[PDB]
Every structure is written in C-alpha cells, then in structure tokens.
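For reference, the structure is listed below as structure tokens.
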Amino acid sequence: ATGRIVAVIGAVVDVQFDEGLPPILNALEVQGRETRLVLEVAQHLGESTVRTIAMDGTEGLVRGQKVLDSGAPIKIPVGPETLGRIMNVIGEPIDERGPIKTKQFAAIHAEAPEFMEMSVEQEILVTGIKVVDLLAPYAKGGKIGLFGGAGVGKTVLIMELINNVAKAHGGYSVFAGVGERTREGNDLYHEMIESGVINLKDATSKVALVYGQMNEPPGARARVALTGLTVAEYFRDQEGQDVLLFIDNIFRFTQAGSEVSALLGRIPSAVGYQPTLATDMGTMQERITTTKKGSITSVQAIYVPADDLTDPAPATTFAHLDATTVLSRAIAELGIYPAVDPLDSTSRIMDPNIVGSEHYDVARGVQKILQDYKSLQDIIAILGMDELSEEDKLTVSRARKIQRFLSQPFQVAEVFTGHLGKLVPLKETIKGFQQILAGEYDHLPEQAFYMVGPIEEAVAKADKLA
Amino acid sequence: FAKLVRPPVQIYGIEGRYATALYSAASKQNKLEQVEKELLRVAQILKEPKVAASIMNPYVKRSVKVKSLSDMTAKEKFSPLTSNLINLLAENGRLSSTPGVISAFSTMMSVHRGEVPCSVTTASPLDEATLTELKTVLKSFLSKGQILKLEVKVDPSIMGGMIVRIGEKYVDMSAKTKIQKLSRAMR
Amino acid sequence: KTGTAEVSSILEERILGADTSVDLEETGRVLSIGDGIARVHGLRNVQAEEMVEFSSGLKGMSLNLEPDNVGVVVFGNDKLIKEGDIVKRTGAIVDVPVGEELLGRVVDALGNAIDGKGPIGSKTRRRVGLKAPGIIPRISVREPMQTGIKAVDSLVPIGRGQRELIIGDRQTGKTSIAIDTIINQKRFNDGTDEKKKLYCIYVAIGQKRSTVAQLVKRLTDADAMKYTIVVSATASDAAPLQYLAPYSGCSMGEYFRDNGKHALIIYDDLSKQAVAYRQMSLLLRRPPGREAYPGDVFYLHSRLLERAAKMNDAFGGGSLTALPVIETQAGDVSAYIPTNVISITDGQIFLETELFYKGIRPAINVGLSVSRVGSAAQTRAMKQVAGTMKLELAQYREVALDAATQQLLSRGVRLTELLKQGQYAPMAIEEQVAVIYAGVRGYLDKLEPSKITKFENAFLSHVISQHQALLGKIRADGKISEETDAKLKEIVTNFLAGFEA
Ligand SMILES: Nc1ncnc2c1ncn2[C@@H]1O[C@H](COP(=O)(O)OP(=O)(O)OP(=O)(O)O)[C@@H](O)[C@H]1O
Ligand SMILES: Nc1ncnc2c1ncn2[C@@H]1O[C@H](COP(=O)(O)OP(=O)(O)O)[C@@H](O)[C@H]1O
Ligand SMILES: [Mg+2]
Ligand SMILES: [Mg+2]
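Chains as they are written, first to last, in the deposited numbering: chain F, 11 to 476; chain S, 1 to 187; chain B, 2 to 401, 410 to 510.
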C-alpha cells in the first residue's frame with residue numbers, strides 16, 4: 011500500500027491512502043529522502059485518511075510525496091548482542107561501530123502483564139546513603155521515584171546509585187536517557203569504558219544505552235521511553251534475570267505529549283496538558299513490573315516544574331511508586347546535600363514486620379523531633395530564642411544536629427569540593443540516631459556533625475575546633 | 001484576482017457561495033438562460049434510486065464518485081462551463097447540497113424579472129372583481145415593468161380584515177385594530 | 002466547516018474553465034493577511050520551512066502546509082502586503098550568508114547589512130534549522146576561555162565549549178560582563194599562536210536601537226570590531242525577526258566550529274525572545290500554559306543551546322561557547338522561564354540588585370554561582386591560588410569580640426574588596442595571579458579596608474614595568490614553581506615598605 015502526504019503541520023504529518031488502510035500503531039516509510047523518516051499511525055479520520063506522528067524533522071516534505079507501509083509496528087533489535095551499544099528511538103546504531111546483529115525482533119507497543127503474573131515479594135535494597143536507608147528504604151523489585159526542581163541534585167544522586175548498586179550487581183542494566191543534556195550522555199559512555207562496564211574488544215559488557223535527547227523532535231521523545239523498556243523486557247522474560255532500569259528524565263515523556271496534542275485537534279484539560287494525561291501514563295508505567303519470571307528494579311528521576319508539587323504531571327505519578335524521595339531547594343540553600351525532605355519522603359516497606367522493631371522505632375523518633383521543630387519556626391523568627399521553655403531549648407538544640415547528620419559527602423561529587431566519598435552500612439545508621447536522640451552527644455557543636463560518614467568521625471571533628 | 005459581478009439578491013451560506021460563483025460566470029458570456037434550463041433538469045436526474053444512492057453513501061471513494069458522474073453529465077446533453085460545476089461539487093464533498101444550490105439559483109434568476117410576490121391572508125376566496133382590482137392597483141405600485149406574481153392563503157384567525165405584503169412592505173388592516181383598544185385602559 | 006478556499010474568487014477560476022494562464026505550481030496568490038501569517042492559495046510544490054518572496058520584497062517562511070492553502074510567517078512588517086498579491090517560490094530552506102568575510106559588519110537577522118558599507122561578499126550558505134551533533138563527535142572541555150574579570154576567572158571558571166548563564170534583574174551589570182569578554186580577546190587575536198584565536202558574535206534581541214549604536218563605538222574605540230559580528234533585531238522590528246535572530250546568529254558560529262576555529266556568541270537576551278514566540282503562538286490560537294506561554298517553549302531554547310559543543314580531534318577540534326542572558330523580575334529564580342534555562346546550561350552566574358546598590362561592582366553572588374564542567378579546564382597557576390580563596394570566602398559566610414570570628418571577619422572583607430573591578434579594564438591572566446596572591450598569602454592583613462583599592466592600582470602599575478621580564482615565566486610555563494613563589498615573596502614585601510599608608 012502506498013499513500014500521498016496531504017498536510018504537514020509541524021511535527022504531525024497527514025497521509026491519505028487509496029487502498030489498504032493500515033491499522034493504528036503501524037510504522038510507515040517515506041520514499042525519497044536521504045535519511046530514514048518513519049511515521050507512526052495515530053488516528054483514523056475517515057474518507058480513507060490517517061493521521062501520523064513523525065519521528066524526525068519534517069523539513070522538506072512536498073504535498074504529494076509517496077509513503078510506503080511497513081505492515082507492522084516499530085521493531086528494534088533485541089537480545090544479548092545489544093549490550094554495550096547505543097541505540098536511538100528506532101533501534102539504529104548511533105555509536106559508529108557497525109550494525110547490531112541479532113536474530114529476533116520485538117515490537118515497541120506490547121501489552122501489560124496480567125493479574126495472575128504479579129509477584130508479591132518484598133525485600134530491602136540497602137544503598138549506603140543515610141537519609142534513604144533510615145526514613146524511606148528501598149525495595150528490590152519495586153519502582154523508585156526521585157522528585158525535585160531544577161538544580162537540586164536529581165542527577166548527582168542518580169549517578170551515585172549507579173556507582174553503589176549497579177556496579178556490584180550480578181545481573182544486567184539498562185540506561186534510557188529521555189530529554190537530558192547530550193554532553194552528559196557522552197560522559198556516561200566515556201566513564202563506563204574506563205571503569206570496564208562496557209568493553210569494546212570482547213563480549214563481557216553489562217549495560218545497554220538508549221538515547222533520545224533534548225534536541226530531538228517531540229515525536230521522538232514521546233516514544234524513546236518505550237524503547238528502553240522493550241530492551242529490558244527480553245532480559246526479564248526470555249532469559250529470566252534480575253535487571254536494573256534507570257530512566258532519566260521521565261517528565262519529558264509527559265511534556266512531549268502535550269506539544270503534539272494541540273496539533274492533533276483536541277480540547278485541552280487543566281493547566282495546559284493533554285486530556286489523555288493519566289490514561290497513557292498508566293499504559294506505559296504498568297509495563298515496568300516484577301512478574302513471576304524476573305525482577306525489574308526501576309529507578310526513575312522525575313522533574314517538578316516551577317517547584318509546584320500540585321502540577322498534574324508530578325502529581326499523577328505518585329500513584330505508581332513504592333518509594334519516594336522528594337528533593338527540595340530550601341534545604342539545598344543551607345548546604346545540606348543531598349537535600350532530601352525528611353517529612354515528605356515516604357516508603358511502602360516501612361512496616362515493623364519487614365524492617366524490624368528496632369529500625370522502625372528509631373526512624374519514627376527522628377520524624378517526631380523534626381516535626382516539633384517545624385512548629386516552632388513561626389515563633390523563633392519573631393520573638394527569638396530567649397522566649398521558649400527550658401525543655402524546648404532541647405528539641406531545637408537536638409533537631410539542629412539531626413538535620414546536619416542527614417548530610418553526606420557523595421562519591422561522584424569528589425570533583426566539586428575535593429572531599430572523600432563516604433559509604434555507611436545499614437547497621438551503623440541505626441546506631442548514629444540512637445546516640446543523638448538519647449542525649450549522648452550534648453557537648454558538641456552542630457558544625458562538628460557536618461558532612462561526615464558514620465558517628466565516629468563526628469567526635470573526631472569536634473577535637474579540631476577546640 | 002479578477003472582479004466578479006454582484007447578484008441582485010446576495011444571499012449567504014455555503015449554498016449562496018455556489019449560486020454566486022455561477023452567477024459571476026454565466027452573466028459573463030451571456031449564458032444566464034442556458035444554465036437555468038439545464039439546472040431544472042439536473043434536479044430531475046439526481047433523485048433516482050440508482051443515482052440518489054451512492055452519492056450520500058460515504059463508503060465508496062471520492063474519485064469513483066466523480067467518474068460515475070463525469071460521464072453522466074457528458075453523454076446526455078451538457079458540455080458547458082456547468083459540467084465543471086458538478087465536477088467541483090463532487091471534489092469538495094458538497095454533492096449533498098446540490099438541491100440547495102439549484103433552488104437558490106432560481107430565485108437569484110427570478111429577480112432579473114421577478115417581483116417578490118405578495119401574501120393576502122384573510123378568508124375564503126372571493127369573487128373575480130375583487131381579485132382583478134387588487135392585481136391592477138399593485139401593478140401601479142411596482143413601477144418596474146415586471147408582471148407581478150401573487151399567492152393567496154386562508155387564515156380565519158383574523159376577524160374581518162386582511163394583511164398585504166409587497167416585497168418587504170407589509171401594510172396591515174386586521175384584528176390588531178382590536179388590540180389598539182388599550183387606549184381605553186392604558187390611556 | 003466552511004473552507005478557507007471556498008470563496009467566490011477561487012470558485013470562479015474553476016467554474017469558468019480550468020484556466021491556463023495561472024501557474025499554481027511555483028507561484029500563488031494571497032487570500033488574507035493581518036495577524037502575522039498570510040493565507041496563500043496555490044504553491045503546490047512548496048516544501049516545509051522554505052523561504053518564499055513576496056511582490057513587495059519581503060521574505061517569508063513556509064510554516065504550515067494544508068490541503069487548501071499555505072500559511073506563511075512574514076518577516077518584517079505586514080502593512081506592505083495586500084490581498085491579491087503574487088508570491089514566488091525561492092526553492093531553498095531558510096538559510097543565511099556565512100563566512101570569514103563578515104567580521105566587521107552589522108547585519109540584521111536575515112543577513113543584510115544595515116551599517117551602510119555595501120554588500121558583504123559571501124560564498125557559502127548554511128541552514129538555520131540544523132540539528133546538534135550527537136554523542137560520538139563531542140568530547141569534554143579542556144581549553145580555558147579567559148574573561149578578564151577577577152571575580153569570574155577565579156571563582157566560576159569558563160572553558161571553550163561550556164554553556165554559562167548570566168541571570169539577574171535590570172541594571173545590575175549584565176551586558177558589561179559580555180562586553181569585557183570581547184575586548185579581552187585583543188591579546189590573542191593579534192598574536193602568532195593560531196591555536197588560541199577566538200572570534201565573537203553578538204545578538205541583540207528586543208533592545209533599543211540607540212544602545213547598539215553606542216556599543217559598536219566602544220568596540221571600535223578599543224580595536225575590537227575587526228573580529229566581531231553583530232546581529233541585531235531591536236525592539237521596533239517585527240516579532241518573527243526576533244524569534245529567528247539567535248538561529249541565524251548561531252549558524253554563523255557553526256561555520257568556525259566545523260573548520261577548526263573557536264567562536265563565542267552572546268545572546269542578549271533570551272527573555273525577550275520567549276515573549277516574541279508567545280505572541281506568534283497566541284495569534285495562531287494555540288492553547289496557552291503556565292503564564293500564558295505555549296507548550297513548546299522548552300523546544301525553543303534546547304534546540305538552540307544544544308549546538309554549542311566541542312568537537313573531537315577527528316572532526317577538526319573547534320568549539321562553540323554560548324552565554325545567554327535571562328532577566329528576572331525581583332529576584333524570582335523560581336519562575337517558568339528562568340528554570341527552563343537553568344535545566345539546560347552548565348552553570349550559573351548571579352547578579353544581585355542589592356549588592357549593586359551597596360557599591361560592590363560587579364555584584365556577583367559568590368554563594369549561588371557555580372560552574373560544573375568548566376572547573377577542570379583552567380590554568381594551574383590560577384588553580385594554585387584561587388583554590389585557597391574558595392576556602393576563606395566560605396568561612397566569611399557563616400559568621401554573618411569573640412574568638413575565631415574576628416579573624417575571619419578581618420580577612421573576609423579584604424578579599425571582598427580585592428574582587429572589585431572597574432569598567433572596560435580587562436586584565437590578563439598572569440596579572441590576576443599576583444593580586445590574588447597578595448590577598449590569600451597574608452600580606453595585606455594589616456591595612457585599612459578603605460585603602461585597598463588604592464593598593465591594587467599601585468602594585469600592578471609597577472610590577473608591570475620593573476618586573477615585566479620576570480612576570481612572563483608565569484604565563485609561559487603556566488604554573489607557579491618553587492623559584493617563582495620564592496621570587497614573588499620579595500616583590501610584595503619590598504613594595505609594602507615603600508607604599509605610603
Ligand atoms: N564594574 C562596574 N563598575 C562601575 N559601574 C558599573 C560596572 N558595571 C556596570 N556598571 C554600571 O552599570 C550600568 C548598567 O550596566 P548594564 O548596561 O550592564 O546594565 P543592564 O543590566 O545591561 O541594563 P539593561 O539590561 O536594563 O539594559 C552602566 O551604566 C555602568 O555605569
Ligand atoms: N552532593 C553534592 N555536593 C555538592 N554539590 C551538589 C551535590 N549534589 C548536587 N549538587 C549540586 O546541585 C546541582 C545539581 O545539578 P544536576 O544534578 O547536574 O542536574 P539537576 O538540575 O537535574 O539536578 C549541581 O550543580 C551540583 O553542583
Ligand atoms: Mg539532571
Ligand atoms: Mg543591557
């Protein structure tokens with residue numbers, strides 16, 4: 011079947027066929043271009059006419075050009091041969107090392123796992139960061155969010171989780187860059203070569219990379235998160251392994267659907283997004299699950315626009331997560347890195363059965379002394395410190411050291427300040443918050459608790475300022 | 001662009017845009033009477049169950065509904081500019097509104113000799129002397145050299161009077177002279 | 002459902018015979034005009050984003066192709082166009098003249114001279130709608146790009162290929178950072194080492210026309226208009242000419258990057274571009290979003306600032322540095338537009354409006370100014386000294410008769426006054442490293458704070474003369490060795506004995 015391009019409006023191309031109307035989600039091929047322009051059927055308008063969405067720039071299309079139906083959805087090369095390579099939206103090698111040679115091909119638009127395939131196992135994934143071990147612990151095989159504004163650390167943190175968790179992992183890894191800096195994607199490819207994760211001489215590489223960046227058209231950022239997902243479905247289903255799935259950033263999948271929803275002729279909903287906003291996120295996000303064959307451990311990174319957590323795009327992804335780490339800027343101004351909100355970070359496995367009865371009791375004492383300090387900030391700012399009680403000059407004097415003890419020097423931020431990266435075990439971040447909540451360290455200043463590892467370096471710092 | 005001649009009625013709508021564009025091409029080349037005799041027979045040859053079907057049926061195509069009409073208007077009588085009109089109505093999907101274009105064109109061509117007829121709505125039809133007297137005083141009112149047409153309707157709700165319209169004039173001598181008795185109340 | 006081309010002037014061409022003396026393949030008419038775009042009937046072989054020409058002499062871009070008509074975005078004013086015109090098809094995508102033969106001119110956004118010096122003499126044309134380089138050809142930054150400002154070159158260092166924001170309110174000294182970057186390249190463009198040459202491009206969006214004219218004099222007064230291009234779409238120009246101004250400005254810098262040369266471009270400013278793209282969007286009846294902006298403002302500034310990159314050695318080895326300018330309303334760094342550009346560029350420079358009033362100039366907020374990738378690419382002479390001043394400017398900021414407080418409150422004010430700088434005085438790299446040396450090695454700790462602007466203007470004016478041949482080994486060897494710093498100890502302590510307090 012061949013068709014004629016009838017209307018080109020931005021990044022939405024219209025096509026009229028004469029026989030053989032292709033069904034929805036089929037790919038088409040445009041005839042007469044130097045590169046490869048591939049469309050994607052999105053509607054049927056009647057009078058034997060479809061309406062597509064283009065996956066590259068539509069500069070130079072004449073009304074009457076010929077387009078050829080492929081007969082099937084977009085199929086990318088998948089397998090263990092795609093490890094150690096880079097792939098674009100339609101699965102072509104963009105690393106100038108030759109074609110990707112596999113045996114089988116998998117479509118992009120696949121359906122979700124059923125009800126009788128969901129596994130109900132819950133474990134704990136210890137990371138090494140004091141704030142996310144204690145107050146919101148991470149589960150193996152479940153989704154993980156990372157909320158925050160623009161400039162708080164949603165990528166210095168996600169490159170620390172790669173440095174700790176994914177390097178010592180035994181399974182496979184998949185990175186999918188949706189709408190970030192292209193100079194950052196060059197640095198990730200050039201750090202995994204020196205650290206030996208990707209190897210260009212033999213066949214012992216452990217991570218695949220998928221990339222559709224911020225200089226891409228809106229039709230190619232709205233479909234690249236389905237490509238880095240379909241690569242990580244082979245490593246779970248047809249091999250039976252434990253994978254990791256880092257996506258950054260997932261808001262660009264939502265933003266780039268609103269750019270093209272105006273051109274498709276729709277009535278727009280609230281603050282400016284598409285009407286089908288929560289229908290097509292649930293269709294995407296219910297394909298990243300731990301089923302009865304393997305475990306997908308997705309660590310996403312979500313962007314909050316204009317620091318507003320009531321915006322419909324970062325407030326409809328809260329129903330799809332197990333853990334949650336809300337970053338904030340007002341903590342990052344004081345110099346507390348990572349600037350994790352302690353009273354807004356939630357978790358699902360926080361339960362006295364799974365994590366214990368000793369972990370659960372110290373973690374709830376920390377959220378109690380930090381909430382009572384938050385209710386006195388309206389009075390300390392007006393009437394000063396000398397108007398409180400005597401027992402309430404101890405909630406203030408202890409919460410101002412737990413706040414500074416939730417700071418930690420990261421490993422990837424060695425080139426920022428020149429301090430050593432520190433890692434703590436889970437059994438030692440329980441002991442550090444007992445010897446502060448009890449009152450063992452009421453003879454030290456607050457700045458001695460600033461940017462250290464475990465509790466033993468806090469007393470090895472207060473002897474300096476003597 | 002070029003200029004186009006204005007019709008003396010100037011109606012509006014999607015059917016008036018096609019009765020004006022034909023009047024701006026048939027007043028040129030002096031063919032305003034040849035199209036009118038053709039258009040009163042294309043109204044007959046559309047409303048046949050072989051041809052009234054598969055023109056409103058949306059599941060055929062655009063192009064094969066043209067070819068089934070490009071030979072139908074070619075073989076019988078027509079090869080004027082009007083064969084492009086049926087060719088243009090079938091391209092734009094406006095083949096359903098073809099009685100709307102035809103019925104608009106007759107009144108647009110009527111006013112070239114017509115008079116926008118009257119309406120006398122009083123009662124049962126009366127004798128001949130009352131009819132010829134109103135037909136020979138209304139001829140004195142037009143002052144345009146055009147033989148006026150007229151319609152008579154029966155409406156018994158008016159008590160003893162009659163209302164008369166001449167185009168857009170509408171004199172009135174009816175039961176509204178009973179409603180003018182509010183001067184006994186409103187004063 | 003009434004159709005744009007269902008009018009009687011187009012039905013008459015069809016109903017009176019399919020007319021032969023109308024082209025309808027390379028030329029068409031104009032059906033309507035007035036909201037910006039024009040509705041052009043015909044032109045059945047036009048491409049998308051292809052420049053056309055009107056009968057009045059105006060260029061227009063083919064934006065929106067439909068089965069009836071074409072919507073042409075009109076560059077310039079739309080009074081000159083009338084319904085019923087005839088528009089010709091050029092046959093090429095929107096492109097600008099580009100080459101080495103533009104250094105010294107003042108063009109407008111379409112590539113025509115407005116300085117009154119005749120034609121330009123160009124031979125090559127590049128498109129404005131090209132894509133950024135991918136992941137393979139780029140490489141990390143390694144060469145430093147000097148500024149000549151003592152607060153920027155030692156605290157937020159820049160490198161050849163790194164985006165850097167300049168963000169602040171009105172009248173805080175935004176443009177006067179961008180001017181001193183262009184004048185500081187006089188020392189390198191007039192030398193023999195070709196590997197350190199650097200050109201410049203200035204893009205003026207929405208400014209006044211009388212402020213660009215008083216700017217090209219200041220560059221001509223300092224011999225800086227022989228390696229600088231200026232693109233100009235001022236506030237009286239039409240709205241499509243301000244939208245397409247940084248694209249034509251960046252396509253003139255992409256020439257030098259692909260041919261082994263280094264470029265530099267200053268967009269001034271990207272705030273007034275986004276209020277020009279807002280106008281063309283709402284005049285096309287598009288759904289507004291936050292602050293009545295369109296939904297694709299992020300596509301506007303990301304597809305432009307992704308081009309500023311550094312190629313690898315197999316692609317020539319050139320670069321392209323960008324320095325956009327954003328204006329905030331009363332310190333609002335949490336609005337829609339100043340967060341869409343913080344989440345693109347590789348760092349920030351903050352200009353406070355309440356340090357510009359207290360007499361500190363340039364009013365650089367040292368707490369909120371960061372530069373991530375450009376810290377590893379600076380001179381080891383500067384890193385050996387400015388790595389120490391980074392510590393004391395931190396310890397001054399926590400303490401804002411006690412012990413361990415009146416020591417840091419003494420030194421921390423002598424380093425704040427050391428970082429003031431007069432206008433249009435770009436310093437060299439090796440003259441900075443002696444003045445920052447005296448403030449961090451503990452020599453001016455005894456002086457009064459008011460008599461330290463007098464001290465820097467007296468020490469530099471003499472060591473540039475009597476120790477000129479002994480200063481060159483800092484710039485030549487690129488570092489401070491054990492023989493230079495033992496020599497530098499005697500230059501200062503002999504000058505303080507002669508400097509009359
Ligand atoms: N280092 C300096 N020392 C003294 N004065 C300065 C310095 N830098 C700038 N100024 C003064 O600041 C004034 C305004 O500077 P500038 O033109 O950069 O502001 P601006 O932010 O560009 O204004 P706008 O953006 O509103 O046009 C200048 O007239 C100049 O006198
Ligand atoms: N642990 C840390 N130590 C020092 N600086 C940090 C740390 N984490 C984040 N930052 C700062 O926060 C900023 C975060 O930027 P980045 O993570 O690159 O992108 P995003 O805007 O997506 O967070 C960086 O500029 C970095 O300087
Ligand atoms: Mg980031
Ligand atoms: Mg200015």
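Just so you know, even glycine gets a beta-carbon here, dropped at the ideal spot from N, CA and C.
Notebook entry, point to check: Quick one: any contact between the region 416 to 431 of chain B and the region 185 to 196 of chain B, if contact means 3 or more CB pairs under 8 Å?
Noted result: Touching, no, given that fewer than three Cβ pairs across the two stretches are closer than 8 Å.
Next item on the list: Sort F/412, F/424, F/428 by Cα distance to residue 464 of chain F and report the nearest one.
Entry: The residue you call residue 464 of chain F lines up with position 454 of the first sequence. Nearest option by C-alpha distance: F/412.
Item checked: Any chain S beta carbon closer than 8 Å to residue 17 of chain B -> Counting from 1 along the third sequence, the entry for residue 17 of chain B is found at position 16. Chain S, which has a Cβ nearer than 8 Å to the Cβ of residue 17 of chain B, makes this yes.
Margin query: Using the Cβ count rule (16 or more neighbours within 10 Å means buried), how would you classify residue 281 of chain B?
Written below: The count along the third sequence starts at 1 and reaches residue 281 of chain B at position 280. Residue 281 of chain B should be labelled buried.
Margin query: Relative to the C-alpha of residue 170 of chain S, which candidate in S/121, S/28, S/133, S/135 has its C-alpha closest?
Written below: Along the second sequence, one-based indexing puts residue 170 of chain S at 170. Closest option to residue 170 of chain S, Cα to Cα, is S/121.
Note to self: Just to confirm my understanding: we take residue 346 of chain F, look at its own chain, exclude 5 residues before and 5 after, and list those with CB closer than 6 Å. What are they?
What the structure shows: By one-based count along the first sequence, residue 346 of chain F stands at place 336. 417.
Notebook entry, point to check: Would the beta-carbon of residue 176 of chain B be found less than 7 Å away from any heavy atom of ligand 4?
Noted result: On the third sequence, residue 176 of chain B is found 175 positions in, with the first residue counted as 1. Answer for residue 176 of chain B: yes, Cβ within range of ligand 4.
Next item on the list: With hydrogens ignored, establish whether the beta-carbon of residue 274 of chain B is closer than 7 Å to any heavy atom of ligand 1.
Entry: Sequence index remark: in the third sequence, residue 274 of chain B carries index 273 (1-based). The beta carbon of residue 274 of chain B sits no closer than 7 Å to any heavy atom of ligand 1.
Next item on the list: Quick one: which residues of the region 84 to 100 of chain S get their C-beta closer than 7 Å to a C-beta of chain B? List them in chain order.
Entry: If the cut-off is 7 Å between Cβ atoms, the region 84 to 100 of chain S has 84, 85, 88 near chain B.
Checklist line | Reduced DSSP category for residue 268 of chain B - H, G, I as helix; E, B as strand; rest coil | finding: Taking the third sequence and counting its residues from 1, the one referred to as residue 268 of chain B is at position 267. In this structure, DSSP gives residue 268 of chain B an extended state, which the three-state scheme calls strand.
Next item on the list: Check whether the region 204 to 221 of chain F touches the region 96 to 105 of chain F, taking contact to mean three or more Cβ pairs, one atom from each stretch, closer than 8 Å.
Entry: Cβ pair count under 8 Å is three or more, so yes.
Check: Closer than 8 Å, Cβ to any Cβ of chain B: which residues of the region 102 to 127 of chain S, in chain order?
Finding: Per Cβ criterion, the list is empty.
Checklist line | residue 473 of chain B burial status per 10 Å Cβ neighbour count (16 or more: buried) | finding: Residue numbering aside, residue 473 of chain B sits at position 464 when the third sequence is read from its first letter. Looking at its Cβ environment, which holds fewer than 16 other Cβ atoms inside 10 Å, residue 473 of chain B is exposed.
Check: Among S/146, S/142, S/151, S/136, which one has its Cα closest to the Cα of residue 125 of chain S?
Finding: Counting from 1 along the second sequence, the entry for residue 125 of chain S is found at position 125. Out of S/146, S/142, S/151, S/136, S/151 has the C-alpha closest to the C-alpha of residue 125 of chain S.
Item checked: Sequence-distant residues of the same chain with beta carbon closer than 7 Å to residue 29 of chain F, five excluded per side -> Numbered from 1 along the first sequence, position 19 holds the residue referred to as residue 29 of chain F. Only 11 meet the Cβ criterion.
Check: So which of S/160, S/80, S/123 has the shortest CA-CA distance to residue 30 of chain S?
Finding: Indexing the second sequence from 1 puts residue 30 of chain S at position 30. The residue with the shortest Cα to Cα distance from residue 30 of chain S is S/80.
Next item on the list: Tell me whether residue 339 of chain B counts as near ligand 1, meaning its Cβ is closer than 7 Å to at least one heavy atom of that ligand.
Entry: Position 338 of the third sequence, counted from the start, is the residue given in the question as residue 339 of chain B. In terms of side-chain proximity, the C-beta atom of residue 339 of chain B is found no nearer than 7 Å to any non-hydrogen atom of ligand 1.
Item checked: Boundaries (first-last residue) of the beta strand (DSSP E) holding residue 446 of chain F -> Here residue 446 of chain F refers to the residue found at position 436 of the first sequence. Boundaries for residue 446 of chain F: no beta strand (DSSP E) harbours it, and the DSSP string shows neither H nor E there.
Next item on the list: Pull out every residue of the region 7 to 38 of chain S whose Cβ sits closer than 8 Å to any Cβ of chain B, in chain order.
Entry: Residues passing the 8 Å Cβ filter: 14, 17, 18, 20, 21, 22, 24, 25, 28.
Next item on the list: Starting from the beta carbon of residue 69 of chain F, find every residue of chain B whose beta carbon is closer than 9 Å, and list them in chain order.
Entry: What you label residue 69 of chain F is simply residue 59 of the first sequence in a count that begins at 1. What residue 69 of chain F touches in chain B: 48, 49, 50, 51, 94, 128, 130.
Next item on the list: Can you give me the start and stop residues for the beta strand (DSSP E) that residue 114 of chain F sits inside?
Entry: To locate residue 114 of chain F, count along the first sequence from 1; it is residue 104. Taken as a continuous stretch (DSSP letters only), the beta strand (DSSP E) holding residue 114 of chain F covers 114 to 117.
Notebook entry, point to check: Rounded C-beta distance between residue 337 of chain B and residue 294 of chain B? I'm assuming under 8 Å.
Noted result: Translated into positions along the third sequence, residue 337 of chain B becomes position 336. Translated into positions along the third sequence, residue 294 of chain B becomes position 293. Taking C-beta atoms under 8 Å as the contact rule, residue 337 of chain B and residue 294 of chain B qualify, at a distance of about 6 Å.
Margin query: As a quick exercise: from F/336, F/132, F/267, pick the residue whose alpha carbon is nearest that of residue 159 of chain F.
Written below: In the first sequence, the residue the question calls residue 159 of chain F occupies position 149. Residue F/336 is the option with its Cα nearest to residue 159 of chain F.
Checklist line | Test: residue 56 of chain B CB closer than 8 Å to a CB of chain S | finding: Counting from one through the third sequence, the residue named residue 56 of chain B turns up at place 55. No, residue 56 of chain B lies away from the interface with chain S (no Cβ there is under 8 Å from its Cβ).
Next item on the list: Out of S/158, S/161, S/187, S/116, state which residue places its alpha-carbon closest to the alpha-carbon of residue 141 of chain S.
Entry: Locating residue 141 of chain S in the second sequence gives position 141, counting from the first residue. The candidate whose alpha carbon is nearest that of residue 141 of chain S is S/116.
Check: Would you call the region 424 to 439 of chain B and the region 133 to 152 of chain B in contact, with 3 or more CB pairs under 8 Å?
Finding: Yes, they touch.
Next item on the list: Measure the C-alpha to C-alpha separation of residue 293 of chain F and residue 332 of chain F and round it to an integer number of angstroms.
Entry: Position 283 of the first sequence, counted from the start, is the residue given in the question as residue 293 of chain F. Position 322 of the first sequence, counted from the start, is the residue given in the question as residue 332 of chain F. Whole-angstrom Cα-Cα distance: 18 Å.
Margin query: Tell me whether residue 235 of chain B, by its Cβ, gets closer than 7 Å to a heavy atom of ligand 1.
Written below: Translated into positions along the third sequence, residue 235 of chain B becomes position 234. For residue 235 of chain B, the shortest C-beta to heavy atom distance toward ligand 1 is 7 Å or greater.
Check: What distance in whole Å lies between the Cβ atoms of residue 62 of chain B and residue 93 of chain B, which are believed to be in contact at a cut-off of 8 Å?
Finding: In the third sequence, counting from the first residue as 1, residue 93 of chain B sits at position 92. In the third sequence, counting from the first residue as 1, residue 62 of chain B sits at position 61. Between residue 93 of chain B and residue 62 of chain B a beta carbon distance of about 12 Å is seen, past the 8 Å cut, so the two are scored as non-contacting.
Next item on the list: Tell me whether residue 12 of chain S is buried or exposed, calling it buried when 16 or more other Cβ atoms sit within 10 Å of its Cβ.
Entry: As a first step, residue 12 of chain S must be located in the second sequence, where it is residue number 12. It counts as exposed.
Notebook entry, point to check: With 8 Å set as the bound, which would you pick, yes or no: does the beta-carbon of residue 78 of chain S sit closer than that to a beta-carbon of chain B?
Noted result: Mapped onto the second sequence, residue 78 of chain S falls at position 78. No, because no Cβ of chain B sits closer than 8 Å to the Cβ of residue 78 of chain S.
Item checked: Straight-line gap, residue 56 of chain B to residue 115 of chain B (C-alpha atoms, nearest Å) -> Position 55 of the third sequence, counting from 1, holds the residue named residue 56 of chain B. Position 114 of the third sequence, counting from 1, holds the residue named residue 115 of chain B. Roughly 22 Å between the two C-alpha positions.
Next item on the list: Spell out whether any CB of chain S is found under 8 Å from the CB atom of residue 252 of chain B.
Entry: Position 251 of the third sequence, counted from the start, is the residue given in the question as residue 252 of chain B. Chain S has no Cβ within less than 8 Å of the Cβ of residue 252 of chain B.
Note to self: Can you check whether the C-beta of residue 69 of chain S is within less than 8 Å of a C-beta belonging to chain B?
What the structure shows: Within the second sequence, numbered from 1, the residue matching residue 69 of chain S stands at position 69. Contact with chain B is absent for residue 69 of chain S, since none of that chain's Cβ atoms lies less than 8 Å from the residue's Cβ.
Item checked: Inter-residue spacing [alpha-carbon to alpha-carbon] between residue 15 of chain F and residue 50 of chain F -> Counted from its first residue, the first sequence places residue 15 of chain F at position 5. Counted from its first residue, the first sequence places residue 50 of chain F at position 40. If I take the Cα positions, the gap works out to 13 Å.
Next item on the list: Using the DSSP secondary-structure output, state which residues sit across from residue 40 of chain B in a beta bridge.
Entry: The residue given as residue 40 of chain B occupies position 39 in the third sequence. In the DSSP output, where bridge partners are listed per residue, residue 40 of chain B has B/33, B/72.
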